[PDB]
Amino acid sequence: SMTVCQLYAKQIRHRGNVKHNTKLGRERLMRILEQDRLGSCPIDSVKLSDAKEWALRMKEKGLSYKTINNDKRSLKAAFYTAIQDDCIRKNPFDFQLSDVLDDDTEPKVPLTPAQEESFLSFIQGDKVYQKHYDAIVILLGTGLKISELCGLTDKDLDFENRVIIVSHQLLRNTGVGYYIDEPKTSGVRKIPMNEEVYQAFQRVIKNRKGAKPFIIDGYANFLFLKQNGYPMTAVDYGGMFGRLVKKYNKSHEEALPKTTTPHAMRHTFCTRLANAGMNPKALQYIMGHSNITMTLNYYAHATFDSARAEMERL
């Protein structure tokens, strides 16, 4: 429609076969517009300067670079649907955000081999968090995503062949409760269990107690449960991680990286295998990446000296 908020509203109904988290996402952006000057402006009067200044206010509001850069993409697509409908001729969001803003994103550093051992040793000895020692060993040893872990049921483990069958994730959102989703990439993948993780899974099965009646979209007997008898979710693990890391840094001189969350374990897992010289496409299959490019980002850039040594070695 005419105003920007109305154009985005039409763009949302146009492409409405989205998942619940996407619905929440679009809702968030829809509110930013309804509060920003850009929201009530006729799209036929939105120039390149108006869009760039919008990114500035977003920054002045407090939003991060990637948040604004993704919202810029949501709006850029909305203005391409209005051009495909002959409402304007030039997309005011077709510009590089790095020209208007500096990318001050926080670097996500994985754990060094030494940090990983200290961190693991602490969890194992901590009276409050040692119960989560298994899940963390499993995260560091498989690269699983947090909701991929939370979806693991009995029928997803092959202890005879020592394989993990990753075919889904368990999610939870306000109102809608729990649901099962597809990884979105089919996208199934099998992960082998090294000795350390093998024992970890076996210990979790043996120590499971108090699971309440719970079957969702055909899945039951989940491995990782909250104290309340229902399965764990990303929020539960993320919140626990935060308390654990703050507890660790209090008794250790060298704190853990500011970004030590459940995904840091995935990042650590991949970085280690890449630095150890693992086959790129094999690491890709294990990580479950759709594009080999995302996997290759974990590989340090090469230099002539770097390349020359590789050829002298081969």
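Numbers follow the displayed sequence, beginning with 1.
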Which class describes the count of deposited residues lacking coordinates between residue 185 and residue 186: none, 1 to 3, 4 to 9, or 10 or more?
1 to 3
Once you work out the mean C-alpha B-factor for both 170 to 178 and 195 to 203 from the entry, which is higher?
195 to 203
Looking at the deposited entry, does 46 to 54 or 261 to 269 carry the larger mean Cα B-factor?
46 to 54
Of 145, 131, 72, 155, which one's C-alpha B factor is largest in the deposited record?
155
The residue of 80, 119, 241, 219 with the maximal C-alpha B-factor according to the PDB record is 80
Test of reading the entry: by CA B factor among the chain's modelled residues, which third contains residue 253?
highest
Can you work out whether the C-alpha temperature factor of residue 99 puts it in the lowest, middle or highest third of the chain?
highest
Test of reading the entry: by CA B factor among the chain's modelled residues, which third contains residue 21?
lowest
Cα B factor band for residue 92 (lowest, middle or highest third within the chain):
middle
Of the three thirds of its chain by CA temperature factor, lowest, middle or highest, which one includes residue 76?
middle
